[PDB]
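Asker: If you scroll down you'll find the structure; I have some questions about it.
Virtual Cβ from ideal backbone geometry, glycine too; neighbours counted across all protein chains shown. No lab work stands behind these numbers, since they all come straight from the coordinates.
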2 protein chains.
Amino acid sequence: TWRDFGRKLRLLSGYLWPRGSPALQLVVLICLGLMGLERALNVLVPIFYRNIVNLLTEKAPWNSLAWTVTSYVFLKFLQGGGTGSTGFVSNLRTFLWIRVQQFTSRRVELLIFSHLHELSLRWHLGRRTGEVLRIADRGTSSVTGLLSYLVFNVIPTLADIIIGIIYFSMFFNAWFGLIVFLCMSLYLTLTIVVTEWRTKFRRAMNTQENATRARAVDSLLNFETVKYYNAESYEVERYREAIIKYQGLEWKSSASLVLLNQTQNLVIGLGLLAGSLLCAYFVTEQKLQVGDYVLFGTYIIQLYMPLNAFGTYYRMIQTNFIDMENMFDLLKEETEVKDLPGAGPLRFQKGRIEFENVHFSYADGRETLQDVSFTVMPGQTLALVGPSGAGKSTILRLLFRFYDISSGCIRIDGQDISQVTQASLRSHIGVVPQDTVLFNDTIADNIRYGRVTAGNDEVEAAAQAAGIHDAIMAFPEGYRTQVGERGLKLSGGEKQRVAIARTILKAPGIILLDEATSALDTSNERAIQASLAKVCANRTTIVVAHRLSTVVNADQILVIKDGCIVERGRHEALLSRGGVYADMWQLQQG
Amino acid sequence: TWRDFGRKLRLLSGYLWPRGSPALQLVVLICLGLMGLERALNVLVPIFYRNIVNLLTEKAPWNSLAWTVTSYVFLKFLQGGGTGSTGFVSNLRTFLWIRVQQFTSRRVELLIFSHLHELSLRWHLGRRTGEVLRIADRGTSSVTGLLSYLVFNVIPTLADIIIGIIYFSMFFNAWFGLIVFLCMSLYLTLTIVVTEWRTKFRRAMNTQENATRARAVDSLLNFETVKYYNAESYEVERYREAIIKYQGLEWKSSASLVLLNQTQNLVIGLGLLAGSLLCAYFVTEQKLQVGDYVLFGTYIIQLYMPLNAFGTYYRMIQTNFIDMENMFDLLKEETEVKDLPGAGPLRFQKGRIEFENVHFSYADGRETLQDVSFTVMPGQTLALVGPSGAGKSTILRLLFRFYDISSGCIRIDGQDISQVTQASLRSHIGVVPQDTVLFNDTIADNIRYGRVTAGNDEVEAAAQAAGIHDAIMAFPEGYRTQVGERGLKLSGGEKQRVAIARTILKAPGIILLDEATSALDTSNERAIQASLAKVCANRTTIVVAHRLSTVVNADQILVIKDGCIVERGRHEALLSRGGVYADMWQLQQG
Ligand SMILES: CCCCCCCCCCCCCCCCCC(=O)O[C@@H](COC(=O)CCCCCCCCCCCCCCC)COP(=O)(O)OCCN
Ligand SMILES: CCCCCCCCCCCCCCCCCC(=O)O[C@@H](COC(=O)CCCCCCCCCCCCCCC)COP(=O)(O)OCCN
Ligand SMILES: [Mg+2]
Ligand SMILES: [Mg+2]
């Protein structure tokens, strides 16, 4: 509708006045003043011109005429090029604003890069990288740009037309003071009537646009596959057939503009005809002197120039508006798993975890995990075994509180999860992820990410827990070797080794291992678990392992089939029962 | 230096003539013409003004005066504001160019999205996503936004000054002429001197800029890690401390400009003073007439204003230059592993492979692979076993020819691979990668990527071989579900099952498996390898497996220690030897 526009402009205005620093809160006044003086000069230059022509007509000494001429030339210097150009009053402000603009830009940026890191997991696993980056880079340049064309080229221009009608009405004749008024009115009423009839087009451009780029920016973030299967053509072609349909529409909306920018010309044109013709009539009938026909020949032009100038800008102002809209959209989304106000930090003494009839659904259609309850005594290791797709990892994801349960209760150390602050909750737990990703930085700094204070001593010693010390030293330059983006450059298993080294360095109260021996050879896992046995002496540990050679000494064993527990107990007590665990053990060992 | 500018401009100008379609090769002439007419009207308006002032001075009938004024209110309509704005002999050109700025904004896009996909691996595993995207999205607007300010606002302006000096010399006094000439000369000699002094600054801005964004577009790609280990603040801060340095070094290059834009004002100023004083003097000494003063008071103002306007654009015309420079660099590089001239398709008959004393290195510091040779008969399944980091995957990488060798020879089916075209070579081999990635699309289209002409019936039949048909149908919406981005949405092992189904659908001449049973439970591996034994009836296979339970029936077994072959033979022939393979097998079996 035509009201939302208003709401939007209001918001953009809020970012002008700096809020916090007094000094700056002054520059924003002086600047305004210079704006004031220039408006006056605009109505004092034309007048002086009349004088230097009047005197010349009647004749006078070379002396008197001289001083007068100098005056005119001076004032032109202080205001050259009308509104929207250079000069000496104007450009003296563009040198006292550079500072304020750098206080608004920063603030906006460090706000669209904080929110993106507070949103929840569900949203993140569905975004389209391409877009979430385009929006965040062009966005911070929209707000600054517009706030500088709506306070320095629009509002000023408008004020001038008015000052004009006051004059040309109480200092010249009168009728002339009407010809100007009507012109403007029509100019406006021919803009609105047209701007609307165009919006039917601009709207159906943005949508197609954001979908004529996606596919592509997703065939460059997955290079390997587009090579193995030797495509590399199927792709280039598909693009061509999308850069065509988009173009077919922009023509429509890049021609409407030429129409709007031509109809306006006429309205202006007619105005000049009326005025010029009438003025001459009067001077013939001895009512206004010739001199005067010069004033109404300079003031006018210098008052209609601005309108026409905006003609070469309409194109951009549109684009900038669109981008602002998008950014603001994002800053209105809401986090899903929030925190309860008035919450206290967790009290950690032993580390006991208990589940109480938890039911969970992903897409509200089926229950992936349902009716699970277990208890772990402090200082004990629990293991989970089952077929693929049974829901093993969902329990670990839910313990860390990345999602919210629907029913039941989860309690640790006698305290429920839902009322303690997450920030204090996550400081007691460290987990090795299923897949390893490393920053595009050096291996030493990748290892140090567990805690940003330790010196090379601990990094070095902790490097011995995973058995990577004897391997890194053989590398050229030792621990300052590069890793590459996402860690693809390094190798296949030492990514897992450095991940487990990070976790060991962190040394949390409770340790959880999703997969640890996925990529290691059969002669390296043993040593790793032997080293880990000395570290897990007094810490609760949950381990998941498809291979059953690791949980033979597990303190407790659980079997998950389709999210419902099927049996439990130790190793030998499960073997004697002759159940599914015994069947799988026999199948694996013989 | 000051000559590179030359080569640069030459290129940006090699794009203003559609090279192909004829029709278009015409619009580019009529456009040029309209330019001509306008550059004339500019000297036929000031003149008419004088006439309507002379007549008024001496008196005349309302009739005659009337038919004169009309003229000076028509020519104004056609000319418009000036040399950089709207009108009616200008707009009519910006409506016949839209169709030529869309044949130069395509050709230059489907050329920076092709080259990025023919570069080789080394480069790719070392880029910085953040940047490569940017360079390729802002880049296609520079070369289409400068060609429009170097053939419609510069060259035109220059022509006008000259026409002015010709006149004002052979039609008016001829002494004034000198004034104009000198003024312009000085204007230029100041621009050149100042521009260079400034360059020292602009150069040291770009560099810091591209590095104040890296550690920021790389903490939004690897989201998980920035949560597990908490953080989420350590980051926001680092950003702030880098948005400060950049700023401090721009208030330098955003103030130099204000200086350059004030000096120029003075030079222009002086010119007007000289002229006016002189002209007035002559009119006193009876040489010119009042009428004449009016001409030298309108022509000048409309011959200097066009220049000042450029004062408010300098900012952008810099940024655009910088971006063009970068794009060119990318389009100026070179592929690493090219193809020998000529050459022909590979003559495949059976499927034999041979290695002949291959020595190769990665970074010229260490020898990753050295002294490797083997051979496979047409129909078996060689296997490789060894410790981690021994170089198992490098052999597979070197077969596909992603990198290149230093010595030795590689022969397939009797033909060396170094001369045969890679396009024909890579149509006979299909490999499941070590890490599985999926397109952000539906599962059916993702699994159809093996061959684009496949049908639903054969896709459904082939999905049964991997054992996933009985699993997908239980999902809601069946085969039209989403997999998210990169495939993190699906599961932990179903990605691997989908990848192996893709490979089976492709059905190449030679099959290679890096790791297939990494994420599968022990109850599903058997059925899978039994199913895979049926399709390898007449296809050579190479299999890598850390677990030795799937290699017991291998036709040939190799042991790779540190890239040097230690022993070879079958399974029982190696068990009796009592070597390292026997030790590993015992240790695994317990
Ligand atoms: C905070 C105080 C502000 C005081 C002044 C406010 C009013 C300023 C004058 C506005 C006159 C034009 C109003 C009608 C157009 C409004 C929309 C617009 O300007 O840009 C739109 C996009 O339109 C364009 O593509 C062209 C953009 C420029 C059009 C207006 C040009 C400037 C104003 C011209 C008249 C004012 C006098 C001359 C200014 C030289 C943005 O999207 P939208 O509002 O159309 O979307 C929702 C409604 N459909
Ligand atoms: C193909 C035929 C072209 C004919 C005309 C060619 C010459 C046109 C007039 C050029 C006059 C200015 C020459 C000196 C500046 C050249 C550089 C430039 O314009 O922009 C530079 C960046 O400078 C700026 O930031 C300001 C950009 C605008 C400066 C020139 C403004 C337009 C020309 C002004 C004089 C012409 C008459 C008035 C123009 C309306 C781009 O980088 P760089 O060349 O400095 O880097 C290597 C050399 N250091
Ligand atoms: Mg999992
Ligand atoms: Mg490997």
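Asker: List the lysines whose alpha-carbon lies under 22 Å from that of A:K287, not counting same-chain residues fewer than 8 positions away?
Answerer: B:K59
Asker: Between B:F355 and residues 5 or more places away or on another chain, which pairs have amide H atoms under 5 Å apart, with H built 1.01 Å from N, and which residues are they?
Answerer: HN-HN under 5 Å from B:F355: B:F374.
Asker: Would you calculate the separation in nanometres between label points at B:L75 and B:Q25, each defined as 7 Å from the Cα along the Cα-to-beta-carbon direction?
Answerer: Taking the simple label geometry, B:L75 and B:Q25 are separated by 3.9 nm.
Asker: Hey, another quick one. What is the set of long-range amide H partners of B:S388 at a cut-off below 5 Å, with H atoms built 1.01 Å from backbone N?
Answerer: It is A:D521, by chain and number.
Asker: Could you please report the charge total around B:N357, scoring K, R as +1 and D, E as -1 over all other residues with beta-carbon less than 15 angstrom from its beta-carbon?
Answerer: -4
Asker: Turning to a different aspect of this structure: For each pair in A:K392/A:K561; A:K561/B:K534; A:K338/A:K561; B:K8/B:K252, compute the distance between the two Cα atoms and list the pairs where it is over 21 Å.
Answerer: A:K561/B:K534; A:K338/A:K561; B:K8/B:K252
Asker: In addition: Ordered shortest first, which distances in nm separate the 7 Å Cα→C-beta label point of B:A461 from those of the other copies?
Answerer: With the label placed 7 Å along Cα→Cβ, B:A461 yields 6.5 nm.
Asker: Amide H neighbours of B:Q415 under 5 Å, counting only residues 5+ apart in sequence or on other chains, H built in-plane at 1.01 Å?
Answerer: none
Asker: Around A:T129, with a cut-off of 11 angstrom between Cβ atoms, what is the net charge of the other residues, counting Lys and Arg +1 and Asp and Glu -1?
Answerer: Residues close to A:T129 contribute a combined charge of +1.
Asker: Compute the label zone of A:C536 within segment A:554-590: residues whose backbone N is under 14 Å from the point 7 Å along Cα-to-Cβ.
Answerer: Residues passing the 14 Å test: A:554-558.
Asker: Same structure, new question: Once a ≥ b ≥ c are taken as the square roots of the eigenvalues of the Cα gyration tensor of segment B:435-507, is the result rounded (a/c under 1.5), prolate (a/b larger than b/c) or oblate (a/b not larger than b/c)?
Answerer: rounded
Asker: When the Karplus curve 6.51 cos²θ - 1.76 cosθ + 1.60 is applied with θ = phi - 60°, which whole-Hz ³J(HN,Hα) does each residue of segment B:403-412 get, with x for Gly and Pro?
Answerer: Working through the residues one at a time gives 9, 9, 8, 9, 8, x, 9, 10, 10, 10 Hz.
Asker: Please get the size of the charge dipole for chain A, origin at its Cα centre, with Cβ charges of +1 on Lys and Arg and -1 on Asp and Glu, quoted in debye to the nearest 20.
Answerer: Dipole of chain A, to the nearest 20 debye: 1120 debye.
Asker: Which ³J(HN,Hα) values in Hz, rounded to whole numbers, follow from the phi angles of segment B:374-383 under the Karplus curve 6.51 cos²θ - 1.76 cosθ + 1.60, where θ = phi - 60° and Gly and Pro get x?
Answerer: Computed from phi, the couplings for segment B:374-383 are 6, 7, 10, 6, x, x, 10, 8, 5, 9 Hz.
Asker: While we're here: State the extension gain, in nm to one decimal, for the chain segment bounded by A:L110 and A:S424, taking 0.36 nm per residue of separation less the distance between their alpha-carbons.
Answerer: Stretched fully, the A:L110-A:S424 segment lengthens by 110.6 nm.
Asker: Related question: Between B and A, which B residue has the Cβ nearest their rotation axis, distance in Å?
Answerer: Closest to the axis: B:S518, 3.
Asker: Looking only at other chains, what is the average number of their beta-carbon atoms within 10 angstrom of each beta-carbon in B:497-505?
Answerer: Whole-number average of other-chain Cβ neighbours for B:497-505 is 1.
Asker: Using alpha-carbon pairs under 8 Å, 6+ residues apart, how would you state the relative contact order of segment B:174-312 in percent?
Answerer: That works out to 37 percent.
Asker: Label position 7 Å from Cα toward Cβ: report the copy-to-copy distances for B:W197 in nm, one decimal, ordered from shortest.
Answerer: For B:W197, the other copies' label points sit at 5.6 nm, shortest first.
Asker: Which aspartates and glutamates have a Cα less than 12 Å from the Cα of A:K245, not counting those fewer than 8 places away in the same chain?
Answerer: Answer for A:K245, where 12 Å is the Cα cut-off: A:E209, listed by chain and number.
Asker: Sticking with this one: Do any GluC sites (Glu not before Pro) in segment B:300-357 lie in a loop, going by DSSP, with at most 15 other beta-carbon atoms within 10 Å of their beta carbon, and if so which?
Answerer: B:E333, B:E334, B:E336
Asker: Return a whole-number percent for the relative contact order of chain B, with Cα pairs under 8 Å and 6 or more residues apart as the contact set.
Answerer: This gives 13 percent for chain B.
Asker: B:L249: net charge of surrounding residues, Cβ under 14 Å, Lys/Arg +1, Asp/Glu -1, itself excluded?
Answerer: +4
Asker: Charges only on Cβ, +1 for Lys and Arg, -1 for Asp and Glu: so what's the dipole of segment B:147-283 about the Cα centre, in debye to the nearest 20?
Answerer: Result for segment B:147-283 is approximately 260 debye, rounded to the nearest 20.
Asker: Filter the DSSP H helices in chain A by two things, a Kyte-Doolittle mean of at least 0.5 and an axial alpha-carbon span of 30 angstrom or more, and list the hits by number.
Answerer: A:256-284
Asker: Starting at the first residue of segment B:552-561, write each ³J(HN,Hα) from the Karplus equation 6.51 cos²θ - 1.76 cosθ + 1.60 with θ = phi - 60°, in whole Hz, x for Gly and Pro.
Answerer: Per-residue couplings from phi come out as 5, 9, 5, 5, 8, 10, 10, 10, 10, 9 Hz.
Asker: Distances from A:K8 to the same position in the other copies: list them in nm, one decimal, shortest first, using label points 7 Å from Cα along Cα→Cβ.
Answerer: Those label-point separations list as 3.7 nm.
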